[PDB]
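Okay, so we've got the same protein chain twice, two forms, each given alone as structure tokens, structure 1 and structure 2.
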Structure 1
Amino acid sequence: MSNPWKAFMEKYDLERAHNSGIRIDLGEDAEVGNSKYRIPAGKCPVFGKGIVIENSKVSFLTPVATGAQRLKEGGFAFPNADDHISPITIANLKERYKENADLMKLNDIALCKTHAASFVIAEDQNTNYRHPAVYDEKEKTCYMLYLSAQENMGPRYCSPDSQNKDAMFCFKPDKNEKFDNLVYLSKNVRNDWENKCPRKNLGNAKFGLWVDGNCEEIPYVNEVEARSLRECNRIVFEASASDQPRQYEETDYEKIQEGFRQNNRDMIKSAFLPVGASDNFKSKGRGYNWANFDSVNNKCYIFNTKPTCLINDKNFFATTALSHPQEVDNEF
């Protein structure tokens, strides 16, 4: 009576701040063609997150494999058509929306997401479908995702040591060196995230529960081995809230491939997405989204209960799955 953290610790109740899946963000439901699917509906940005296509030498950021191109020869990205669409530089983005005061105010990341969100037909704008955008911090280049899907894997599709050689389009969401400077945005990403969302790993500090006047400790934890700050983050990302479950499938593959060759905008837009038939798959942000790292004795501590305060601990690092792989802040 009362908590002198709370306001600061708001950006760590992810079930509110983000309200979606993290490893797999498929929170909204939207009609694409006759069919209805599930689309990334996350209020927070996922720093360092990206898509790896297994048995490929092609980036997920490369434009889509439309026409004669073999599916796995391409990436997820929206086609190059007008370099003032995708990918677009922050310079051009500032130039593009020059005559809007309300938005010229926005940061690079939020503007990027706002740009991806702009692609609707006035009359249909009521439709809560938009293309997800990904922002590269080192390039300062915003890319549009033609594919809203995140994990084609499991049974029919991706079984270990494939008979389909490399031909099969197998993908999973990962956090690593390649993606270190990347950031996965939804249509829903809040314009005020540098206030509502977790960005950097809290250096020389640790997550705890505020109990009866004293910043107490975590009641339940899962102790796992972590060699680095990155390893911890990576672990708690796999552990975090995820909408599409572990090894999920329902659509055909050659029919999905046909759509790509036959350059169908809706087939591509909808490719490898779960239905809006169903809602129980939505994590809504609930999950094992938070971790603590004992760097002095390499251990990761994950939990499925939101933190409500921090401990002055110098040998520790407090992190969330949305939080940046490298970025850190020892402030307290």
Structure 2
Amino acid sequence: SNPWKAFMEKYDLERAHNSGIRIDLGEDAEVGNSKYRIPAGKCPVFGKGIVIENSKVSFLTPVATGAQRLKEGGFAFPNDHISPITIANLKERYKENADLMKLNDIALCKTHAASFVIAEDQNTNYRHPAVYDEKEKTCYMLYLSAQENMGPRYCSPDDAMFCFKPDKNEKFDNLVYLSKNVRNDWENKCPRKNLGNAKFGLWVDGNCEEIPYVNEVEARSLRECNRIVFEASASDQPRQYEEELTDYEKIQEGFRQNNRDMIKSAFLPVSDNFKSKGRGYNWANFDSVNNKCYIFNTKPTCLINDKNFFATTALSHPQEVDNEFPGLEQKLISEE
């Protein structure tokens, strides 16, 4: 009988998250004529952002408009004043909604972004993803659901181009990448902090054993190990994915022309086998002393108390640590 069973439910990311992490495109959504995939993840992704190649422009900057080339803007809404919105203004806006007033900041931000529809559209399941900036208490609505455009035709050393990749780096620490499906009760159902003095294990015959199969990768810090596991996690799109028909000029035209459907579907792949459903190398045990990152793809079912280690996941914050090792395995002993 496993004492860890309920505690470990939040580390069952196939069930907890149920979509891609590095690239989340787990749900089919109609945009105009065609069917595309959009983020479907039920867990927030802490520390994740989109990096635009050869651009100093943040992806949180609004999408290009008018004269601006694609590379002069980001992925966000260009502004009813709905994005970027602060949590103060958010709380103010929905003060009459009881249910929304019981939501935490991250859930409120996601709820706000996922609420906006075009009435004159044939009520689709498409909704905009979000990015919550915890430091600034600001909620961004993303115009683009697309997470990576790194294909070797256009996105190899050869300016009218718009190449981008998902990434975890210091500039993104306080960001939370949010799909329209992020759980309101994510705080109890999803990971956030790295578990200090802990390593994930597998409950076998009344004891917490090591993960049977792992991939050792060199990592010099907690940040580095957390980045490795994100980079190896469940992905809904293969690396270097590219479509032949992709026309940057038509796309850039659609943006300058404020064509909502073209902007919305920009760089999105068009099948069910491309969906990870949460399966992948999502967990890692970082050995802070020997500088090793042991990534694995089978869900952990217990924790081992080991002061040399940290238990991280692809969803987890790049730095935040919970050093409180759970005592749920400690037994009552008698003085007698």
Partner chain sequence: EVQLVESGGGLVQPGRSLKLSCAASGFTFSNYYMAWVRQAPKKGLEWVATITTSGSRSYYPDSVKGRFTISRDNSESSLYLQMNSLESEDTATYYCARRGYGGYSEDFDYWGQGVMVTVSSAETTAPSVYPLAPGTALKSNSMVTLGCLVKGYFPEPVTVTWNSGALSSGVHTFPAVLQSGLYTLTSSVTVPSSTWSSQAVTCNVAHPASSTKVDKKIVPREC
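Shifts are known only where both forms have a C-alpha. Numbering for residues begins at 1 and runs along the sequence of structure 1. Rigid core here is just the name for the largest C-alpha set that superposes within 1.5 Å across the two forms.
The form deposited without the partner chain appears here as structure 2; structure 1 is the other form of the chain.
Looking at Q125, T89, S228, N222 after a core superposition between structure 1 and structure 2, you find that only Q125 has a C-alpha shift of 2 Å or more.
Fit the two forms on the rigid core and the C-alpha of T66 turns out 2.0 Å off between structure 1 and structure 2. With the core fitted, the CA of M104 sits 0.1 Å away from its counterpart between structure 1 and structure 2. After superposing on the rigid core, the C-alpha of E258 is displaced by 1.4 Å between structure 1 and structure 2.
Regions where at least three consecutive shared residues each shift by 2 Å or more at the C-alpha between structure 1 and structure 2, after core superposition, span 121-126, 155-157, 159-161.
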